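protein36.txt (compact mmCIF, N, CA and C atoms)
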# COMPACT_ATOMS: atom_id res chain seq x y z
N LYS A 1 0.83 -1.20 0.00
CA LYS A 1 0.00 0.00 0.00
C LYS A 1 0.87 1.25 0.00
N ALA A 2 1.81 1.29 0.94
CA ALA A 2 2.69 2.44 1.11
C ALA A 2 3.81 2.50 0.08
N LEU A 3 3.98 1.46 -0.72
CA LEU A 3 5.01 1.43 -1.75
C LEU A 3 4.45 1.70 -3.14
N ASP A 4 3.18 2.10 -3.25
CA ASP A 4 2.60 2.41 -4.54
C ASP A 4 3.17 3.69 -5.14
N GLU A 5 3.69 4.59 -4.31
CA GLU A 5 4.24 5.85 -4.77
C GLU A 5 5.69 5.74 -5.22
N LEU A 6 6.31 4.57 -5.06
CA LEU A 6 7.71 4.37 -5.42
C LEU A 6 7.89 3.36 -6.55
N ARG A 7 6.79 2.86 -7.13
CA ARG A 7 6.89 1.80 -8.12
C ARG A 7 7.41 2.28 -9.46
N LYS A 8 7.39 3.59 -9.71
CA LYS A 8 8.17 4.18 -10.80
C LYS A 8 8.73 5.51 -10.29
N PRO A 9 10.00 5.78 -10.55
CA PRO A 9 10.65 6.93 -9.93
C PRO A 9 10.45 8.22 -10.72
N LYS A 10 10.81 9.32 -10.08
CA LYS A 10 10.75 10.64 -10.69
C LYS A 10 11.98 11.44 -10.28
N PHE A 11 12.75 11.88 -11.27
CA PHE A 11 13.92 12.71 -10.99
C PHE A 11 14.27 13.53 -12.22
N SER A 12 14.91 14.67 -11.97
CA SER A 12 15.61 15.45 -12.97
C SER A 12 17.03 14.89 -13.12
N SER A 13 17.93 15.66 -13.73
CA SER A 13 19.36 15.35 -13.86
C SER A 13 19.58 14.03 -14.62
N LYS A 14 19.32 14.12 -15.93
CA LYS A 14 19.58 13.08 -16.93
C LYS A 14 20.93 12.38 -16.76
N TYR A 15 21.96 13.12 -16.36
CA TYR A 15 23.22 12.54 -15.92
C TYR A 15 23.16 12.20 -14.43
N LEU A 16 22.24 11.28 -14.11
CA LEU A 16 22.06 10.81 -12.74
C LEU A 16 23.19 9.87 -12.34
N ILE A 17 23.66 9.05 -13.28
CA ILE A 17 24.67 8.06 -12.98
C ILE A 17 26.04 8.69 -12.74
N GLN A 18 26.27 9.91 -13.23
CA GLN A 18 27.57 10.54 -13.04
C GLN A 18 27.76 11.05 -11.62
N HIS A 19 26.69 11.51 -10.97
CA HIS A 19 26.79 11.97 -9.59
C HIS A 19 26.84 10.81 -8.61
N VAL A 20 26.18 9.70 -8.94
CA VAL A 20 26.25 8.51 -8.09
C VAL A 20 27.63 7.87 -8.18
N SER A 21 28.22 7.85 -9.38
CA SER A 21 29.54 7.25 -9.54
C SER A 21 30.66 8.12 -8.98
N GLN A 22 30.38 9.37 -8.63
CA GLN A 22 31.34 10.17 -7.88
C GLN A 22 31.16 10.01 -6.38
N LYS A 23 30.13 9.28 -5.95
CA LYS A 23 29.90 9.02 -4.54
C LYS A 23 30.11 7.56 -4.15
N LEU A 24 30.16 6.64 -5.11
CA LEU A 24 30.33 5.23 -4.79
C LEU A 24 31.76 4.73 -4.96
N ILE A 25 32.50 5.22 -5.94
CA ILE A 25 33.92 4.87 -6.03
C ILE A 25 34.79 5.42 -4.89
N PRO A 26 34.45 6.49 -4.14
CA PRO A 26 35.18 6.68 -2.88
C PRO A 26 34.73 5.77 -1.75
N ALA A 27 33.59 5.09 -1.88
CA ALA A 27 33.19 4.14 -0.85
C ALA A 27 33.98 2.84 -0.94
N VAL A 28 34.64 2.60 -2.07
CA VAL A 28 35.61 1.51 -2.16
C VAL A 28 36.82 1.87 -1.31
N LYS A 29 37.24 0.94 -0.44
CA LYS A 29 38.36 1.18 0.46
C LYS A 29 39.69 1.32 -0.26
N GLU A 30 39.80 0.83 -1.49
CA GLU A 30 41.05 0.90 -2.23
C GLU A 30 41.18 2.19 -3.03
N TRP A 31 40.06 2.80 -3.44
CA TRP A 31 40.08 3.96 -4.32
C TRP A 31 39.95 5.27 -3.55
N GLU A 32 40.30 5.27 -2.27
CA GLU A 32 40.52 6.51 -1.53
C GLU A 32 41.97 6.97 -1.60
N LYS A 33 42.75 6.43 -2.54
CA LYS A 33 44.14 6.82 -2.73
C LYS A 33 44.24 7.93 -3.77
N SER A 34 43.46 8.99 -3.52
CA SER A 34 43.31 10.16 -4.40
C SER A 34 42.87 9.76 -5.81
N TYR A 35 41.97 8.78 -5.89
CA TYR A 35 41.34 8.40 -7.15
C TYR A 35 40.10 9.28 -7.35
N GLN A 36 40.38 10.56 -7.58
CA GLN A 36 39.37 11.60 -7.53
C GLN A 36 39.11 12.14 -8.93
N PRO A 37 37.86 12.17 -9.37
CA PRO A 37 37.53 12.90 -10.59
C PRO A 37 37.62 14.40 -10.36
N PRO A 38 38.46 15.09 -11.12
CA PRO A 38 38.59 16.55 -10.94
C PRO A 38 37.37 17.27 -11.49
N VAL A 39 36.76 18.11 -10.65
CA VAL A 39 35.49 18.73 -11.02
C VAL A 39 35.45 20.23 -10.75
N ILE A 40 36.45 20.77 -10.07
CA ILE A 40 36.41 22.19 -9.73
C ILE A 40 36.91 23.05 -10.89
N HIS A 41 38.10 22.77 -11.40
CA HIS A 41 38.63 23.49 -12.55
C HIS A 41 38.86 22.59 -13.75
N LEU A 42 38.44 21.33 -13.67
CA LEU A 42 38.54 20.40 -14.78
C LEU A 42 37.18 19.77 -15.03
N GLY A 43 37.08 19.02 -16.11
CA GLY A 43 35.83 18.39 -16.46
C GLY A 43 35.96 17.28 -17.47
N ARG A 44 35.00 16.36 -17.48
CA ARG A 44 34.98 15.25 -18.42
C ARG A 44 33.86 15.45 -19.43
N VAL A 45 34.13 15.13 -20.69
CA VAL A 45 33.11 15.22 -21.72
C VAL A 45 32.09 14.10 -21.53
N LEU A 46 30.82 14.48 -21.45
CA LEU A 46 29.73 13.51 -21.39
C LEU A 46 29.27 13.12 -22.78
N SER A 47 28.81 14.10 -23.55
CA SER A 47 28.39 13.91 -24.92
C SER A 47 29.21 14.84 -25.80
N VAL A 48 29.43 14.44 -27.04
CA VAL A 48 30.02 15.32 -28.04
C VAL A 48 29.42 14.94 -29.39
N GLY A 49 29.19 15.94 -30.22
CA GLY A 49 28.58 15.72 -31.51
C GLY A 49 28.09 17.02 -32.10
N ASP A 50 28.24 17.15 -33.42
CA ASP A 50 27.96 18.32 -34.27
C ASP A 50 28.37 19.66 -33.65
N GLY A 51 29.55 19.71 -33.05
CA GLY A 51 30.10 20.95 -32.57
C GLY A 51 29.66 21.39 -31.19
N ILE A 52 29.02 20.51 -30.42
CA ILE A 52 28.59 20.82 -29.06
C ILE A 52 29.05 19.68 -28.16
N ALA A 53 29.83 20.01 -27.14
CA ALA A 53 30.29 19.04 -26.15
C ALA A 53 29.64 19.34 -24.82
N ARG A 54 29.01 18.33 -24.22
CA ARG A 54 28.46 18.44 -22.88
C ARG A 54 29.50 17.92 -21.89
N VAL A 55 29.83 18.75 -20.90
CA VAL A 55 30.98 18.53 -20.04
C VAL A 55 30.50 18.46 -18.60
N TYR A 56 30.79 17.34 -17.93
CA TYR A 56 30.51 17.23 -16.51
C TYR A 56 31.53 18.03 -15.72
N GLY A 57 31.14 18.43 -14.52
CA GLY A 57 32.06 19.18 -13.68
C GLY A 57 32.19 20.62 -14.11
N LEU A 58 33.42 21.14 -14.07
CA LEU A 58 33.75 22.55 -14.31
C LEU A 58 32.90 23.45 -13.42
N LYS A 59 32.98 23.22 -12.11
CA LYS A 59 32.11 23.93 -11.19
C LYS A 59 32.52 25.38 -10.99
N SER A 60 33.75 25.74 -11.35
CA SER A 60 34.23 27.11 -11.20
C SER A 60 34.33 27.84 -12.52
N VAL A 61 33.74 27.31 -13.59
CA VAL A 61 33.86 27.93 -14.90
C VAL A 61 32.91 29.13 -14.98
N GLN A 62 33.31 30.13 -15.74
CA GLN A 62 32.49 31.30 -15.99
C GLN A 62 31.65 31.10 -17.24
N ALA A 63 30.58 31.87 -17.35
CA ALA A 63 29.81 31.89 -18.58
C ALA A 63 30.61 32.60 -19.66
N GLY A 64 30.65 32.02 -20.85
CA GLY A 64 31.43 32.59 -21.92
C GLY A 64 32.92 32.37 -21.82
N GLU A 65 33.37 31.51 -20.91
CA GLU A 65 34.79 31.32 -20.67
C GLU A 65 35.38 30.37 -21.70
N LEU A 66 36.55 30.74 -22.22
CA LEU A 66 37.29 29.88 -23.14
C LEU A 66 37.86 28.70 -22.37
N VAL A 67 37.37 27.50 -22.65
CA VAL A 67 37.92 26.29 -22.07
C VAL A 67 38.74 25.58 -23.13
N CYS A 68 39.61 24.68 -22.69
CA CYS A 68 40.49 23.94 -23.58
C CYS A 68 40.35 22.46 -23.31
N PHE A 69 40.20 21.68 -24.38
CA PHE A 69 40.15 20.23 -24.25
C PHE A 69 41.56 19.67 -24.18
N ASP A 70 41.66 18.39 -23.82
CA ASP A 70 42.97 17.76 -23.74
C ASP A 70 43.56 17.49 -25.12
N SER A 71 42.73 17.49 -26.16
CA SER A 71 43.21 17.34 -27.53
C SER A 71 43.99 18.56 -28.00
N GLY A 72 43.78 19.71 -27.38
CA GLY A 72 44.37 20.96 -27.80
C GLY A 72 43.38 21.90 -28.44
N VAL A 73 42.25 21.38 -28.92
CA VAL A 73 41.21 22.22 -29.48
C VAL A 73 40.50 22.95 -28.34
N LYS A 74 40.24 24.23 -28.54
CA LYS A 74 39.64 25.06 -27.51
C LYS A 74 38.14 25.19 -27.73
N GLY A 75 37.44 25.57 -26.68
CA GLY A 75 36.00 25.71 -26.74
C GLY A 75 35.52 26.91 -25.96
N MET A 76 34.20 27.07 -25.86
CA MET A 76 33.62 28.17 -25.10
C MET A 76 32.48 27.63 -24.25
N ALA A 77 32.54 27.88 -22.95
CA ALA A 77 31.47 27.47 -22.05
C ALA A 77 30.26 28.35 -22.32
N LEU A 78 29.26 27.81 -23.01
CA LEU A 78 28.10 28.57 -23.45
C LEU A 78 26.92 28.40 -22.50
N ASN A 79 26.49 27.17 -22.29
CA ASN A 79 25.42 26.86 -21.35
C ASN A 79 26.03 26.32 -20.07
N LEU A 80 25.91 27.07 -18.99
CA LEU A 80 26.22 26.57 -17.66
C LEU A 80 24.93 26.01 -17.10
N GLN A 81 24.85 24.70 -16.95
CA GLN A 81 23.66 24.04 -16.45
C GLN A 81 23.89 23.56 -15.03
N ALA A 82 22.83 23.03 -14.42
CA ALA A 82 22.89 22.61 -13.03
C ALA A 82 23.76 21.37 -12.83
N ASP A 83 23.90 20.53 -13.85
CA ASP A 83 24.69 19.32 -13.73
C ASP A 83 25.74 19.13 -14.82
N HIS A 84 25.78 19.99 -15.84
CA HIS A 84 26.80 19.89 -16.87
C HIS A 84 27.08 21.27 -17.43
N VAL A 85 27.99 21.33 -18.40
CA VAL A 85 28.36 22.56 -19.08
C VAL A 85 28.29 22.31 -20.58
N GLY A 86 27.50 23.12 -21.28
CA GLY A 86 27.47 23.04 -22.73
C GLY A 86 28.58 23.85 -23.36
N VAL A 87 29.42 23.20 -24.15
CA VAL A 87 30.61 23.81 -24.73
C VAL A 87 30.49 23.77 -26.24
N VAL A 88 30.57 24.93 -26.88
CA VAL A 88 30.70 25.00 -28.33
C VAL A 88 32.18 24.95 -28.67
N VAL A 89 32.52 24.13 -29.66
CA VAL A 89 33.90 23.78 -29.96
C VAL A 89 34.42 24.66 -31.08
N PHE A 90 35.63 25.19 -30.91
CA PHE A 90 36.25 26.08 -31.88
C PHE A 90 37.18 25.33 -32.81
N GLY A 91 36.80 24.12 -33.18
CA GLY A 91 37.56 23.36 -34.14
C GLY A 91 36.75 22.19 -34.62
N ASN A 92 37.45 21.16 -35.09
CA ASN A 92 36.79 19.94 -35.51
C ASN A 92 36.52 19.06 -34.30
N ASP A 93 35.27 18.63 -34.15
CA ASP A 93 34.85 17.86 -32.99
C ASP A 93 35.23 16.39 -33.07
N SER A 94 35.91 15.96 -34.13
CA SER A 94 36.30 14.57 -34.26
C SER A 94 37.48 14.19 -33.37
N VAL A 95 38.16 15.16 -32.76
CA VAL A 95 39.26 14.88 -31.85
C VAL A 95 38.82 14.94 -30.40
N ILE A 96 37.52 15.03 -30.14
CA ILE A 96 36.98 15.04 -28.78
C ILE A 96 36.22 13.75 -28.56
N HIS A 97 36.51 13.08 -27.45
CA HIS A 97 35.91 11.81 -27.10
C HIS A 97 35.11 11.97 -25.82
N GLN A 98 34.30 10.97 -25.51
CA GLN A 98 33.66 10.91 -24.21
C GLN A 98 34.68 10.50 -23.17
N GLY A 99 34.79 11.28 -22.10
CA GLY A 99 35.79 11.06 -21.09
C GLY A 99 37.06 11.86 -21.27
N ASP B 1 42.23 89.70 -58.44
CA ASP B 1 42.51 89.17 -57.11
C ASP B 1 43.05 87.74 -57.11
N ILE B 2 43.28 87.12 -58.25
CA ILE B 2 43.74 85.74 -58.29
C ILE B 2 45.22 85.74 -58.67
N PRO B 3 46.12 85.28 -57.77
CA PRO B 3 47.56 85.46 -58.03
C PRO B 3 48.14 84.63 -59.18
N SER B 4 48.14 83.30 -59.04
CA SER B 4 48.81 82.38 -59.95
C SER B 4 48.56 80.94 -59.53
N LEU B 5 49.14 79.99 -60.26
CA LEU B 5 49.19 78.61 -59.81
C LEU B 5 50.46 78.31 -59.02
N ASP B 6 51.61 78.85 -59.44
CA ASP B 6 52.88 78.46 -58.84
C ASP B 6 53.10 79.08 -57.46
N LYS B 7 52.70 80.33 -57.26
CA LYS B 7 52.81 80.91 -55.92
C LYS B 7 51.67 80.45 -55.02
N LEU B 8 50.61 79.89 -55.60
CA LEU B 8 49.59 79.23 -54.80
C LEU B 8 50.11 77.94 -54.19
N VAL B 9 51.09 77.30 -54.84
CA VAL B 9 51.71 76.11 -54.27
C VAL B 9 52.63 76.49 -53.12
N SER B 10 53.26 77.67 -53.21
CA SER B 10 54.21 78.09 -52.19
C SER B 10 53.53 78.59 -50.92
N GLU B 11 52.21 78.83 -50.95
CA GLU B 11 51.48 79.27 -49.77
C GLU B 11 50.65 78.15 -49.16
N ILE B 12 50.92 76.90 -49.51
CA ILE B 12 50.36 75.78 -48.78
C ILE B 12 51.30 75.44 -47.63
N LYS B 13 50.76 74.76 -46.63
CA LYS B 13 51.51 74.41 -45.43
C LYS B 13 51.82 72.92 -45.48
N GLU B 14 53.09 72.57 -45.61
CA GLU B 14 53.47 71.17 -45.65
C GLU B 14 53.35 70.55 -44.26
N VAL B 15 52.70 69.39 -44.20
CA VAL B 15 52.50 68.67 -42.96
C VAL B 15 53.55 67.57 -42.90
N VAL B 16 54.22 67.45 -41.75
CA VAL B 16 55.31 66.49 -41.61
C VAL B 16 54.74 65.06 -41.63
N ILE B 17 55.14 64.29 -42.63
CA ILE B 17 54.78 62.88 -42.71
C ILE B 17 55.78 62.10 -41.86
N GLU B 18 55.27 61.28 -40.95
CA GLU B 18 56.10 60.56 -40.00
C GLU B 18 56.20 59.10 -40.40
N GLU B 19 57.39 58.67 -40.80
CA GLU B 19 57.69 57.25 -40.90
C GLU B 19 57.81 56.66 -39.50
N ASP B 20 57.77 55.32 -39.44
CA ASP B 20 57.85 54.53 -38.20
C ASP B 20 56.72 54.93 -37.24
N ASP B 21 55.50 54.52 -37.64
CA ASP B 21 54.22 54.92 -37.04
C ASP B 21 54.15 54.82 -35.52
N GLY B 22 54.93 53.93 -34.91
CA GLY B 22 55.12 53.95 -33.47
C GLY B 22 53.91 53.56 -32.65
N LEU B 23 53.34 52.39 -32.94
CA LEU B 23 52.21 51.90 -32.17
C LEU B 23 52.63 51.21 -30.88
N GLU B 24 53.93 51.17 -30.58
CA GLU B 24 54.47 50.63 -29.35
C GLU B 24 54.42 51.63 -28.19
N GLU B 25 53.86 52.81 -28.42
CA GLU B 25 53.70 53.80 -27.37
C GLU B 25 52.48 53.45 -26.53
N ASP B 26 52.67 53.45 -25.20
CA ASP B 26 51.66 53.10 -24.19
C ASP B 26 51.12 51.68 -24.34
N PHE B 27 51.85 50.79 -25.02
CA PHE B 27 51.45 49.40 -25.18
C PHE B 27 52.29 48.53 -24.26
N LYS B 28 51.64 47.59 -23.58
CA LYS B 28 52.29 46.84 -22.52
C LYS B 28 52.81 45.47 -22.95
N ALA B 29 52.11 44.80 -23.87
CA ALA B 29 52.58 43.60 -24.59
C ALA B 29 52.90 42.45 -23.63
N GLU B 30 51.85 41.92 -23.02
CA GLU B 30 51.99 40.72 -22.20
C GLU B 30 52.49 39.55 -23.03
N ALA B 31 53.29 38.69 -22.40
CA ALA B 31 54.01 37.64 -23.11
C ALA B 31 53.09 36.44 -23.29
N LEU B 32 52.56 36.28 -24.50
CA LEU B 32 51.78 35.10 -24.84
C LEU B 32 52.72 34.00 -25.31
N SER B 33 52.82 32.93 -24.53
CA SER B 33 53.73 31.84 -24.86
C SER B 33 53.07 30.87 -25.84
N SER B 34 53.84 29.86 -26.25
CA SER B 34 53.38 28.95 -27.29
C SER B 34 52.31 28.00 -26.75
N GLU B 35 52.64 27.28 -25.68
CA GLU B 35 51.74 26.26 -25.15
C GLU B 35 50.53 26.91 -24.49
N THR B 36 49.37 26.28 -24.67
CA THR B 36 48.12 26.80 -24.13
C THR B 36 48.12 26.72 -22.61
N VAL B 37 48.04 27.87 -21.96
CA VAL B 37 48.05 27.93 -20.50
C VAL B 37 46.65 27.65 -19.98
N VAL B 38 46.54 26.64 -19.12
CA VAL B 38 45.25 26.24 -18.56
C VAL B 38 45.33 26.27 -17.04
N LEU B 39 44.25 25.89 -16.37
CA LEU B 39 44.16 25.88 -14.92
C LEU B 39 44.10 24.44 -14.44
N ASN B 40 44.95 24.09 -13.47
CA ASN B 40 44.92 22.76 -12.89
C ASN B 40 43.88 22.71 -11.78
N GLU B 41 43.87 21.63 -11.00
CA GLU B 41 42.83 21.44 -10.00
C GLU B 41 43.05 22.33 -8.78
N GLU B 42 44.27 22.81 -8.56
CA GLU B 42 44.53 23.77 -7.50
C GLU B 42 44.40 25.22 -7.96
N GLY B 43 44.01 25.44 -9.22
CA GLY B 43 43.75 26.77 -9.72
C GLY B 43 44.94 27.49 -10.31
N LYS B 44 46.13 26.89 -10.30
CA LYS B 44 47.31 27.55 -10.82
C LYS B 44 47.35 27.48 -12.34
N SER B 45 47.99 28.47 -12.95
CA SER B 45 48.15 28.51 -14.40
C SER B 45 49.28 27.58 -14.80
N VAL B 46 48.93 26.47 -15.44
CA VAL B 46 49.91 25.48 -15.88
C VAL B 46 49.71 25.27 -17.38
N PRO B 47 50.72 24.75 -18.08
CA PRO B 47 50.51 24.34 -19.47
C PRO B 47 49.65 23.08 -19.56
N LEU B 48 49.28 22.74 -20.79
CA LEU B 48 48.54 21.51 -21.03
C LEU B 48 49.42 20.29 -20.78
N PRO B 49 48.88 19.25 -20.15
CA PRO B 49 49.61 17.98 -20.07
C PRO B 49 49.71 17.31 -21.43
N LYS B 50 50.61 16.34 -21.51
CA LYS B 50 50.91 15.67 -22.77
C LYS B 50 50.09 14.39 -22.86
N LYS B 51 48.78 14.57 -22.98
CA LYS B 51 47.84 13.48 -23.20
C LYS B 51 46.62 14.06 -23.88
N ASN B 52 45.87 13.19 -24.56
CA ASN B 52 44.72 13.64 -25.33
C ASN B 52 43.48 12.82 -24.99

Hey, can you dump this file as structure tokens for me?
Amino acid sequence: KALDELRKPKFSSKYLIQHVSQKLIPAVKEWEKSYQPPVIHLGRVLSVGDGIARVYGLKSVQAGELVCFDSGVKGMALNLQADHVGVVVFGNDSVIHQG
Amino acid sequence: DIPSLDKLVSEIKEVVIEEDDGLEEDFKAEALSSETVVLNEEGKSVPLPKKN
């Protein structure tokens, strides 16, 4: 009776698994050896395609800020969202991967 | 009242044309290096690491 309200869930944050995986891999006793995803001034690409890269993290990025990928191609933080950063790429997006 | 053409040339004022335009005046010219300077996790300005 009391579990009828939980039989299908409701949540925002389409990248739900990325926030859980930043909270469960430190619960492993072996991966507390600074096995930390950098999220303050760094970020990981979630999606990339047709000149738009969605980037997890980058919690200290400014709106309109020129960011740089590890490939060397630079981008611009255009959409600062609640759980990711939308980046328009200033080059060819074929050298950007997920992660 | 109209003098001439040749003495009309002698009553113009020549303006000094300056070679070496000198746009380095009041310019500070910060040193932009080759490698792309980025921010690491502690916030310091570091170059890009050698991985892609």

Determine the nearest neighbour of residue A:38 from the options A:20, A:96, A:58, A:53, counting all atoms listed in the file.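 The closest residue to residue A:38 is A:58.
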
Counting only C-alpha atoms, which residues sit no farther than 12 Å from the position (45.5, 27.0, -13.5) in the file's frame? I'd like them as a ChimeraX atom specification. /A:40-42,60-61,67-68 /B:36-49

Which residue is closest to chain B? Choose from A:39, A:89, A:76, A:45 and count only N, CA and C atoms.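 For chain B, the nearest of the candidates is A:39.
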
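What separates atom N of residue A:91 from atom N of residue A:73 is a distance of 7.4 Å.
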
Go ahead and compute the interatomic distance for atom CA of residue A:79 and atom CA of residue A:10, in Å to one decimal.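 Interatomic distance here is 24.3 Å.
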
Enter the distance from atom C of residue B:4 to atom N of residue B:16, in Å, rounded to one decimal. 23.0 Å
